[PDB]
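Protein chains in written order, with the authors' numbering: chain B, 1 to 99; chain A, 1 to 99.
Down below is the structure, laid out as structure tokens.
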Ligand SMILES: CC(C)(C)NC(=O)[C@@H]1CN(Cc2cccnc2)CCN1C[C@@H](O)C[C@@H](Cc1ccccc1)C(=O)N[C@H]1c2ccccc2C[C@H]1O
Ligand SMILES: [Cl-]
Ligand SMILES: [Cl-]
Ligand code: NA
């Protein structure tokens, strides 16, 4: 499909057995989600954007459904203002910018 | 052009008579550039990132050029780690998300 940007590119996603709303974010290197329960062991990580850095937990090989597609990859969990689908996942979806 | 997301979608832009590197950011509502000299009056504004809010100067009716295409709109000037081209400008360039 083709998503215009006249409004926020928000989509429904399934992760951690839960349905959530997330932002398709080309400006994000990684994918970070609000506090949620994920399986397996995690490693610490610092991610920075406007306003500085935040500490998140990194879980790997996590399954995520986005726009009727499945992606399996790294998912960060922490105090992010909004759920963010970053490039690590967007590439799995075969997403590209066009203009 | 069609831009893949394996790496950050950086592009050269023309703004304030200067040439700069900026990131095509679908998750960004606004366009924010590091300290740069812009003409006209400005208004103060607070914008929030994953790390918190930063204070910026809001300029309106600013023209930017990207890959031969031009757009006019609001440009925020402040301490941003990276220059960001947001949706308010991406729409004007006819930039879409495709997969
Ligand atoms: C207008 C402004 C630019 C202030 N907007 C944002 O920062 C929004 C904020 N919302 C949230 C919000 C905050 C307050 C109010 N409403 C909404 C979440 C989504 N971001 C957009 C991000 O894509 C911005 C980038 C900027 C950046 C890129 C590369 C290097 C440094 C900074 C961003 O924060 N990306 C980072 C990022 C993001 C997620 C996971 C990993 C990483 C690493 C890094 O790529
Ligand atoms: Cl990944
Ligand atoms: Cl605008
Ligand atoms: Na990016």
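We treat Cβ as the ideally placed atom computed from N, Cα and C, and that holds for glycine.
Presumed contact (8 angstroms Cβ cut-off) between residue i and residue j, rounded CB distance
i                      : j                     : result
residue 151 of chain B : residue 83 of chain B : Residue 151 of chain B lies beyond the residue range present for chain B, which begins at 1 and ends at 99; the question has no answer from this structure.
residue 54 of chain A  : residue 80 of chain A : 7 angstroms
residue 24 of chain A  : residue 26 of chain B : 6 angstroms
residue 167 of chain B : residue 96 of chain A : No information on residue 167 of chain B is available, as it lies outside the stretch 1 to 99 that chain B covers here.
residue 63 of chain A  : residue 69 of chain A : Not quite, the Cβ-Cβ distance comes to about 11 angstroms (not below 8 angstroms), so this is no contact.
residue 52 of chain B  : residue 52 of chain A : 6 angstroms
Three-state class that DSSP yields for residue i in the structure shown
i                     : result
residue 31 of chain A : coil
residue 93 of chain B : coil
residue 83 of chain B : coil
C-alpha distance - residue i paired with residue j, whole-angstrom precision
i                      : j                     : result
residue 41 of chain A  : residue 59 of chain A : 7 angstroms
residue 14 of chain A  : residue 92 of chain B : 32 angstroms
residue 72 of chain A  : residue 74 of chain B : 37 angstroms
residue 88 of chain B  : residue 57 of chain B : 16 angstroms
residue 28 of chain B  : residue 10 of chain A : 12 angstroms
residue 99 of chain B  : residue 21 of chain A : 18 angstroms
residue 120 of chain B : residue 65 of chain A : Look at the range of chain B in this structure, 1 to 99, and you will see that residue 120 of chain B is not part of it.
residue 44 of chain B  : residue 45 of chain A : 33 angstroms
residue 38 of chain B  : residue 16 of chain B : 6 angstroms
residue 7 of chain B   : residue 61 of chain B : 31 angstroms
residue 36 of chain B  : residue 1 of chain B  : 29 angstroms
residue 67 of chain B  : residue 90 of chain A : 22 angstroms
residue 47 of chain A  : residue 19 of chain A : 24 angstroms
residue 12 of chain A  : residue 85 of chain A : 11 angstroms
Residue i beta carbon near ligand 5 (any heavy atom closer than 7 angstroms)
i                     : result
residue 73 of chain A : By its list of ligands, the structure shown excludes ligand 5, since it contains just ligand 1, ligand 2, ligand 3 and ligand 4.
According to DSSP, residues forming a beta bridge with residue i
i                     : result
residue 73 of chain B : B:62
residue 98 of chain B : A:2 and A:96
Complete beta strand (DSSP E) runs within the region 3-64 of chain B (minimum length 3 residues, chain order): 10-15, 18-24 and 43-49
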